[PDB]
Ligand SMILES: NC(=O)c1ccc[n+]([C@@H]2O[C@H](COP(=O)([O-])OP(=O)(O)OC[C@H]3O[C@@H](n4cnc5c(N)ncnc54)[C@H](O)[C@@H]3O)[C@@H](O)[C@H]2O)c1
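Next comes just one chain, in structure tokens: the form deposited without nicotinamide-adenine-dinucleotide (NAD).
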């Protein structure tokens, strides 16, 4: 009947753009009800290692979550806010589709990349050691179970979203044991799903290739660090972090779709924020939930409002206010 989504508006422009997403959803009469929570880490017993229980509990019930931009904490020992969110819900896959927006003139047209990044291991592991004076050691660890899990996820995502190819990105010529095991677990999944065409490329080669001719890529799966940087590279191909959606799949059917751009508080509260990032993420969310007919319209109207050009926000080069932008999309979906 009606689905309740956990909604984390966050900081800065976040509550502005999340009201836009709510109103636009209401405009399209989407069976979505919102449950507003905040996730700013509270100081746990003797430290700071936990998010609010009401947040945990709400996301465990609702399974779906929409997250705006979060302020970078300034507390002394405070950890990364997405780190905590990653550990408490075991968000192991970070999906980032990059498709050129027809109404946004960029030097790259006709790009349709999905980067599947492993979010739990890799160079982004907690382990770092001072070995002796002025000599620091950082631990990258690859496990078989985590690799197979992300590999398995990448192929499943190609199946459900009708993508023809999976490409495994690695540097196994340098890190032959660690990345090698990522490659070989990717290969094992690949042999099980021969309906998906599978290849392997080297990270460095991909970046060179991506910048020249991005039309040659479909889905790309890779260990943590490579994903973190190559996902921002492809973003820069279509417009930047203002227009890229991003989801995070975790354990127990928990998924948190998020905007990845800054909290940008220099325009905060001035009705000038561009909410298309969050909204496109909310489309992924609606697609993840099976509301394809609601997603198709909402996504279709946002694409239109941009191709039109009348209503555009300062950041995309236009002069209009968020409120105007949000209203055109609302008025555009109602007749749909």
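Numbering follows the first chain given and starts at 1. Definition used throughout: the rigid core is the maximal C-alpha set that superposes within 1.5 Å between two forms.
Omission of residue 78 is seen in a third or more of the other entries compared for this protein where the adjacent residues are built. When the other compared entries with both flanking residues are checked, residue 48 is unmodelled in at least a third. Stretches 40-48 and 25-33 differ in mean C-alpha B factor, with the higher average recorded for 40-48.
Per-stretch averaging of Cα B factors for 215-223 and 97-105 places 97-105 on top. Within the listed group 75, 154, 256, 174, the record reports its top CA B-factor for 75. When the modelled residues of the chain are ordered by their C-alpha B factor, residue 167 lands in the lowest third. In the PDB entry, residue 287 places in the middle third of its chain by CA B-factor. Residue 63: CA B factor in the middle third of modelled residues in this chain (values from the PDB entry). Per the deposited record, the Cα B-factor of residue 278 falls in the lowest third when ranked against the other modelled residues of its chain. In this PDB entry, residue 133 carries a Cα temperature factor that places it within the middle third of its chain's modelled residues.
The next section is about a form of this same protein that is not shown, the form deposited with nicotinamide-adenine-dinucleotide (NAD) bound.
Transferring nicotinamide-adenine-dinucleotide (NAD) from its position in the bound PDB entry by superimposing the C-alphas around the site places at least three ligand atoms within 2.4 angstroms of backbone or C-beta atoms here, which marks the site as blocked. Among heavy atoms of residue 20, none comes within 4.5 Å of nicotinamide-adenine-dinucleotide (NAD) in the bound PDB entry. At a distance threshold of 4.5 angstroms between non-hydrogen atoms, residue 128 is out of contact with nicotinamide-adenine-dinucleotide (NAD) in the bound PDB entry. The closest non-hydrogen atom of residue 266 lies within 4.5 Å of nicotinamide-adenine-dinucleotide (NAD) in the bound PDB entry. For residue 149, no non-hydrogen atom is located within 4.5 Å of nicotinamide-adenine-dinucleotide (NAD) in the bound PDB entry, even though that partner is not displayed.
Heavy atoms within 4.5 Å of nicotinamide-adenine-dinucleotide (NAD) in the bound PDB entry are found in exactly one of 104-112, 138-146, 236-244, 152-160, that being 236-244. Note on the partner interface in the bound PDB entry: the residue among 184, 82, 88, 165 having a heavy atom within 4.5 angstroms of nicotinamide-adenine-dinucleotide (NAD) is 82. Taking the rigid core as fixed, one finds a CA shift for residue 233 smaller than 2 Å between the shown form and the other one. Here residue 110 does not count as shifted, since its C-alpha moves by less than 2 Å between the shown form and the other one after the core is aligned. After superposition on the rigid core, the Cα atom of residue 252 is displaced by 2 Å or more between the shown form and the other one.
In the bound PDB entry, the Cα atoms of residue 50 and residue 128 sit 3 Å or more nearer to each other than they do here. Compared with the form shown here, the Cα atoms of residue 40 and residue 128 move at least 3 Å closer together in the bound PDB entry.
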